[PDB]
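Trainee: My questions will all concern the structure given below.
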Amino acid sequence: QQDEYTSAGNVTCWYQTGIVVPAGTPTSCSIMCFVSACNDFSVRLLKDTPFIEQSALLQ
Amino acid sequence: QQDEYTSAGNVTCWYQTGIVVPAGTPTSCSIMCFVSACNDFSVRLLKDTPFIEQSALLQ
Amino acid sequence: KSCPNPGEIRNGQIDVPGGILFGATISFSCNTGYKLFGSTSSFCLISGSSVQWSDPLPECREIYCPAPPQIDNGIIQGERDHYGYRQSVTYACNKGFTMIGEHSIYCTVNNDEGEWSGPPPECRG
Amino acid sequence: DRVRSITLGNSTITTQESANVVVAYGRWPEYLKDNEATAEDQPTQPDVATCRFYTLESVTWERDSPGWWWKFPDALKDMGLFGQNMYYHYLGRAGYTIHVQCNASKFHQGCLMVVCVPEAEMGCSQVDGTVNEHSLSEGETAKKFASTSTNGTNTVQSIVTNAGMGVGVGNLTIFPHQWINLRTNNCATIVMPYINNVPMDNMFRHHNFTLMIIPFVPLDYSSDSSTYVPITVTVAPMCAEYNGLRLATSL
Amino acid sequence: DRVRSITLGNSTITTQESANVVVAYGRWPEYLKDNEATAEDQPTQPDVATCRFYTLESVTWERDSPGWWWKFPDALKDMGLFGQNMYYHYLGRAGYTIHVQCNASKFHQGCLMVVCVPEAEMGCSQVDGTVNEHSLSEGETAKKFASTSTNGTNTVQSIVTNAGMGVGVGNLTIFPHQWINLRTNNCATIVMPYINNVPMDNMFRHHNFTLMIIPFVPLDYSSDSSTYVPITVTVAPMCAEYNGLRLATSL
Amino acid sequence: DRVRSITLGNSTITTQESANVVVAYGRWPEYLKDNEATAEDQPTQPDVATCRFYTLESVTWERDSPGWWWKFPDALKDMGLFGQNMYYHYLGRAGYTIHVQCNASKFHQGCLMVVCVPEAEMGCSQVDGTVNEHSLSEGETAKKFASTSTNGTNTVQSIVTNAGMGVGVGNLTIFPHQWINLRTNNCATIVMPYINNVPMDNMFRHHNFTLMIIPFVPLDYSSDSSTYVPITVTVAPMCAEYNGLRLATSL
């Protein structure tokens, strides 16, 4: 639950030369980004996850 | 300063099969030619070069 | 205080001999083959809520040689308008006529005005 | 064979259609040794803060575009902790690694020359005149050649065919160079040692070398290929010393 | 693997999309040895003046074009010092190297057969008739098959599907051949020894073999691909002897 | 490196732009050993009649097409002597080799995810409801995701972004998967062992796993590239046992 003490930074992406296509190919392409943890990652101090929640039993 | 005694020849270039391009590429291309001397070249009998010339001092 | 960036006159040039700070002047020129339609210089003056440039950027518009002088007893291979700088005009003679002189004329610019080369050829009977 | 990676400082460059790497005269950047040195005091050698890949803004290769030139240093003078040591110090020394990056498709065609010129002393437009400093270098904004002979006071005679130095623009192949032929490669790398006639030299006064990018064969494409083809230049110092510290210069 | 170079005499051929090299029957051209020879006198062996790459004029592969055939020798009879020794001498022997060169883009498609046929005795158009010599060979100008059955006296029955010899045009794969598939390669090479039933044989009388180029799959392209696709043929003798010198023939 | 061949039974698969082969969890299909087995009687192992490449009908990748899913087995239940043993036997065990084949040109672009999901229990459209069996599997006809939230009784909630299981459709990379990026490869292969919590299990009751093909980046092309791009799926059992024979089931 990061604050601005333990902030981590920000990543940004820019064209270096641009996209060049011949005639007869589309001009609008797409990128995609896959996140994973390196081989020195670790987590600690178990807590509950805020993403699941109910309002009565039988759920 | 070659004459027709020490002439050297002439080079010439011709299509062997031709240029073939798909659809959507330009048809007019360009070649370029780079000249260099082989590893057995030599020159002798220093002279002045005709390419530089002046008409008074301070030049 | 600094005026915004002058810019870039294509087919031309901007000369800034003293910076772009307040009260600094800049000059405009056009390359060989273009006429300068616009202002010649621009100063860094006070503009309302900033300092900006006295005059906007000018344009270097192509200098054109006039239509090539036709010749009697002759012909021009695909005659055209818009004969800019360094462009050529090729002549030919008609049946039974002999060609004399420069058989093609190339457009240059002199004193900032378009001008063809030497006279077109002649066709002798 | 065509893949390559260049890791300098905290910066990396990946490439997949590289031709080779010109090392200027077979010579790699190195530090000033003890017997070729002339200054007495101990030099600064920051080594990771300054010897990394600084990327200058990119230029648009148009169909009718003569060329471009940058001057190093004075291009990297506002780049991080190279452009700061370069301010606080009198004497500086460094080599570079220039990576020029221009990519197109397989339906485009063209050919750039990428050439580093040591001491590219240039010639004003009025033969009886003197250049400015602005007319030699805009920083990271490239100056542009011209397809015709230029006019105007104090501005370099930048017709392409003479390259602003009075020589033939095709003989520039004597300098360390590469080409970018949009049918084979899409990047040129030149590793440039410290070429100069004094061991260390000031960095604001002397434009140690000039990078010229000159399209010999121009762009072209057909029905709806991509109209916009940019060129990006990355420079990375190497073996960078400074000597003679005092208060910061100002211009 | 696809690059190749063939150096014969003072001539070289470079190629970058070659499939392989057919050596006719696993056999390379060689000189007539002493125990298989029949002529008494000493042969001429010029060796560099005659065993080089002679290039014949090129033909335009159109969208509807049946094929082409040349006859060797009598194609190289006006080519340099092969076509001169071949005049002054009664008996001649030689193998060849045939390089067929046809290049297209990646948006074109097609498929040629390149096939060398020994003793390609041909059949006139009127079944009860006799060919000319012109109807078998025009020199370096190729003769052309026809997409339908031909008529006219003395002219070979040159419908493609029979190939002018009365056989099936798809069985020609029994002869030394290659294909030019405009999606993979752009040149075919066949190395052809001296195949004949006598050690040496006259060169004006006997068309030792026939080179047929037959497009099975025709050309095609789209919006504005290049309309003109030419084919060029280069032949180079190898191990060429002659015997029996006298005054020059005439035709 | 990109060429590959897979020979199973009397069937072969050739490929020339394969990326690699995912072996599900580093694990290859194998037979049930003697100490992990629970059924007493001797199993059938047909081995060449059932462990071969069965090809399901192909689907048309359109410009706006959410995805597809198949359920194995119950897709190969009408395929030869796999779908017959599978009828006559109570218990069955087998791994598979899934080869997905989709080819386009160099002027097309796209990206499929090909992912095998064990126990892909799915969620009905009415939250307080129950799926059909038809709504989970049509046999060899694929079921289709939907670009919006679906309605209707008994039909799986098949909005793509949740993949019908209630999870995020981008996290499916935890399962054995590949991509088909129409710029690099044109086939994905996943070798899938028998993953289940009992040694052998019935084949009509339990959909052992689910194959989902989901285009993340959609099709696109320009002026007259080929509009029709199909996807074909081939599955081949491996190490297939059956146990518990009796009269044939019926549905």
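Nothing in this text is a laboratory measurement; each read-out follows from the coordinates by a stated rule. For neighbour counting, all protein chains shown are included, and Cβ atoms are generated from backbone atoms with ideal geometry for every residue, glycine included.
Trainee: When the residues of segment D:237-251 are narrowed to those that are hydrophobic (A, V, I, L, M, F, W, C) and more than 14 Å from every other protein chain (Cβ to nearest Cβ), which ends up surrounded by the most Cβ atoms within 10 Å (Cβ to Cβ)?
Mentor: As a first pass, look at segment D:237-251 and keep what is hydrophobic (A, V, I, L, M, F, W, C): D:238-240, D:245, D:247-248, D:251.
So of that shortlist, the ones also more than 14 Å from every other protein chain (Cβ to nearest Cβ) come out as D:238-240, D:245, D:247-248.
Details: D:238: 21, D:239: 18, D:240: 26, D:245: 14, D:247: 7, D:248: 10.
Going through the qualifying residues, I end up with D:240.
Trainee: So which residues in segment D:87-109 are under 13 Å from the mean Cα position of the chain (by Cα) and more than 13 Å from chain A (Cβ to nearest Cβ)?
Mentor: Of all residues in segment D:87-109, those under 13 Å from the mean Cα position of the chain (by Cα) come to D:95-101.
Scanning segment D:87-109 gives D:95, D:96, D:97, D:98.
Trainee: So, in segment F:188-207, how many residues would count as being within 19 Å of the chain's Cα centre (by Cα) and surrounded by fewer than 18 Cβ atoms within 10 Å (Cβ to Cβ)?
Mentor: 7
Trainee: Please enumerate the residues belonging to segment A:1-33 that are of a type in the set (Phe, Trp, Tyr), surrounded by fewer than 10 Cβ atoms within 10 Å (Cβ to Cβ) and either within 14 Å of chain D (Cβ to nearest Cβ) or closer than 30 Å to residue D:100 by Cβ (or both).
Mentor: The first filter runs over segment A:1-33 and keeps only residues of a type in the set (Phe, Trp, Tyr), leaving A:5, A:14-15.
Retained after the next criterion (residues that are surrounded by fewer than 10 Cβ atoms within 10 Å (Cβ to Cβ)): A:5, A:14.
Correct list: A:14 only.
Trainee: Also, quick follow-up: Mind listing whichever residues of segment E:38-78 are without any contact (Cβ under 8 Å) to a residue 60 or more places away in the chain and among the aliphatic types (A, V, I, L, M)?
Mentor: E:48, E:49 - these are the residues of segment E:38-78 that are without any contact (Cβ under 8 Å) to a residue 60 or more places away in the chain and among the aliphatic types (A, V, I, L, M).
Trainee: Just one of (1) buried (at least 16 other Cβ atoms within 10 Å of the Cβ); (2) within 30 Å of residue E:249 (Cβ to Cβ) trips up residue E:39, so point out which.
Mentor: Unmet for residue E:39, out of (1) buried (at least 16 other Cβ atoms within 10 Å of the Cβ); (2) within 30 Å of residue E:249 (Cβ to Cβ): (1).
Trainee: Being surrounded by fewer than 16 Cβ atoms within 10 Å (Cβ to Cβ) and touching a residue at least 60 places away in the same chain (Cβ under 8 Å) is the filter here, so list the residues in segment D:123-144 that pass it.
Mentor: D:141, the sole residue that qualifies.
Trainee: Counting just the residues of segment E:215-233 that are buried (at least 20 other Cβ atoms within 10 Å of the Cβ) and under 18 Å from the mean Cα position of the chain (by Cα), which one comes out farthest from the other protein chains (Cβ to nearest Cβ)?
Mentor: To start, the set of residues in segment E:215-233 that are buried (at least 20 other Cβ atoms within 10 Å of the Cβ) comprises E:215, E:219, E:221, E:225, E:229, E:231-233.
Then keep just the ones that are under 18 Å from the mean Cα position of the chain (by Cα); that gives E:215, E:231-233.
On the way: E:215: 14, E:231: 6, E:232: 4, E:233: 10 Å.
Here the residue is E:215.
Trainee: From the list E:132, E:185, which one is more than 14 Å from the chain's Cα centre (by Cα) and over 27 Å from residue B:20 (Cα atoms)? Can you show your working first?
Mentor: Details: E:185 fails: over 27 Å from residue B:20 (Cα atoms).
None of the others qualify; the one that does is E:132.
Trainee: Are any residues in segment E:100-128 closer than 30 Å to residue D:183 by Cβ and of a type in the set (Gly, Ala, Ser), and if so, which ones? Don't jump to the end; show me each part of the working.
Mentor: Step one: of segment E:100-128, the residues closer than 30 Å to residue D:183 by Cβ are E:100-112, E:114.
Once the filter is applied, which keeps residues that are closer than 30 Å to residue D:183 by Cβ and of a type in the set (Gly, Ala, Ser), segment E:100-128 yields E:104, E:105, E:110.
Trainee: Can I ask one more? Where residues in segment E:145-159 are of a type outside the set (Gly, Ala, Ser) and surrounded by fewer than 19 Cβ atoms within 10 Å (Cβ to Cβ), which of them is nearest to the chain's Cα centre (by Cα)? Give the steps one after another, and end with the answer.
Mentor: Filtering segment E:145-159 for residues of a type outside the set (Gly, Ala, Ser) gives E:145, E:148, E:150-151, E:153-157, E:159.
With the extra rule that they be surrounded by fewer than 19 Cβ atoms within 10 Å (Cβ to Cβ), the set shrinks to E:148, E:150-151, E:153-154, E:159.
On the way: E:148: 24, E:150: 23, E:151: 25, E:153: 25, E:154: 22, E:159: 19 Å.
Ranking the candidates gives E:159 first.
Trainee: If you don't mind, there's one more thing I want to ask. I'd like to check something: does segment C:11-34 contain any residue that is more than 13 Å from every other protein chain (Cβ to nearest Cβ), of a type in the set (S, T, N, Q) and within 28 Å of residue C:114 (Cα to Cα)?
Mentor: To start, the set of residues in segment C:11-34 that are more than 13 Å from every other protein chain (Cβ to nearest Cβ) comprises C:22-23.
Cutting the leftovers down to of a type in the set (S, T, N, Q) gives us none.
No, segment C:11-34 contains no residue that is more than 13 Å from every other protein chain (Cβ to nearest Cβ), of a type in the set (S, T, N, Q) and within 28 Å of residue C:114 (Cα to Cα).
Trainee: I need the full set of residues from segment E:45-60 which are over 25 Å from residue E:118 (Cα atoms) and part of a strand (DSSP E or B), in order please.
Mentor: Within segment E:45-60, E:60 is the sole residue that qualifies.
Trainee: Something else: Would you please name the residue that is farthest from the other protein chains (Cβ to nearest Cβ), looking only at residues in segment D:121-156 that are among the hydrophobic types (A, V, I, L, M, F, W, C) and within 22 Å of residue D:231 (Cα to Cα)? Break it down stepwise before answering.
Mentor: Pass one, segment D:121-156, residues among the hydrophobic types (A, V, I, L, M, F, W, C): D:122, D:124, D:127, D:131, D:136, D:142, D:145-146, D:156.
If we keep only those that are within 22 Å of residue D:231 (Cα to Cα) as well, we get D:136, D:142, D:145-146.
Values: D:136: 12, D:142: 10, D:145: 11, D:146: 5 Å.
This residue is D:136.
Trainee: Can you tell which of F:161, F:153, F:232 is touching a residue at least 24 places away in the same chain (Cβ under 8 Å) and closer than 27 Å to residue F:102 by Cβ?
Mentor: Numbers: F:161 fails: touching a residue at least 24 places away in the same chain (Cβ under 8 Å); F:153 fails: closer than 27 Å to residue F:102 by Cβ.
Exactly one residue qualifies, and that residue is F:232.
Trainee: Residue D:14 is checked against (1) in contact (Cβ under 8 Å) with a residue 24 or more places away in the chain; (2) within 14 Å of another protein chain (Cβ to nearest Cβ); (3) among the hydroxyl-bearing types (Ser, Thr, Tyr) and fails just one. What number does that condition carry?
Mentor: Exception for residue D:14: condition (1).
Rundown of residues vs (1) assigned to a strand (DSSP E or B); (2) farther than 28 Å from residue F:60 by Cβ; (3) touching a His at 6+ places or on another chain (Cβ under 6 Å), yes/no style:
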residue: F:96; (1), (2), (3): yes, no, no
residue: F:103; (1), (2), (3): no, no, no
residue: F:107; (1), (2), (3): no, no, no
residue: F:112; (1), (2), (3): yes, no, no
residue: F:148; (1), (2), (3): no, no, no
residue: F:166; (1), (2), (3): no, yes, no
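Trainee: Return yes when residue F:112 is within 14 Å of chain A (Cβ to nearest Cβ) and under 20 Å from the mean Cα position of the chain (by Cα) and no when it is not.
Mentor: Values: within 14 Å of chain A (Cβ to nearest Cβ): yes; under 20 Å from the mean Cα position of the chain (by Cα): yes.
Yes: the conditions hold for residue F:112.
Trainee: Can you name the residue in segment D:1-36 that is in a loop (DSSP other than H, G, I, E, B) and hydroxyl-bearing (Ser, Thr, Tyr) and is also surrounded by the most Cβ atoms within 10 Å (Cβ to Cβ) among such residues? Don't jump to the end; show me each part of the working.
Mentor: Residues of segment D:1-36 that are in a loop (DSSP other than H, G, I, E, B), as a first pass: D:1-3, D:9-10, D:16-21, D:24-36.
With hydroxyl-bearing (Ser, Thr, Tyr) added as a condition, the list becomes D:18, D:25, D:31.
Details: D:18: 21, D:25: 9, D:31: 13.
The selected residue is D:18.
Trainee: Out of curiosity, is residue D:62 over 24 Å from residue D:231 (Cβ atoms) and surrounded by fewer than 20 Cβ atoms within 10 Å (Cβ to Cβ)? Even if it seems obvious, please write down each step before you answer.
Mentor: Numbers: over 24 Å from residue D:231 (Cβ atoms): no; surrounded by fewer than 20 Cβ atoms within 10 Å (Cβ to Cβ): yes.
The answer is no for residue D:62.
Trainee: Which pairs have Cβ atoms under 8 Å, sit 6 or more apart or on different chains, and link a residue in segment D:166-194 that is within 14 Å of chain B (Cβ to nearest Cβ) and of a type in the set (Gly, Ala, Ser) to one that is surrounded by fewer than 21 Cβ atoms within 10 Å (Cβ to Cβ) and part of a loop (DSSP other than H, G, I, E, B)?
Mentor: Going by the 8 Å Cβ cut-off, the qualifying pairs are D:166/D:123.
Trainee: Considering segment F:66-92 alone, what residues qualify as being crowded, with 20+ Cβ neighbours inside 10 Å and part of a loop (DSSP other than H, G, I, E, B)?
Mentor: Answer for segment F:66-92, where residues must be crowded, with 20+ Cβ neighbours inside 10 Å and part of a loop (DSSP other than H, G, I, E, B): F:67, F:73, F:74, F:75, F:76, F:79.
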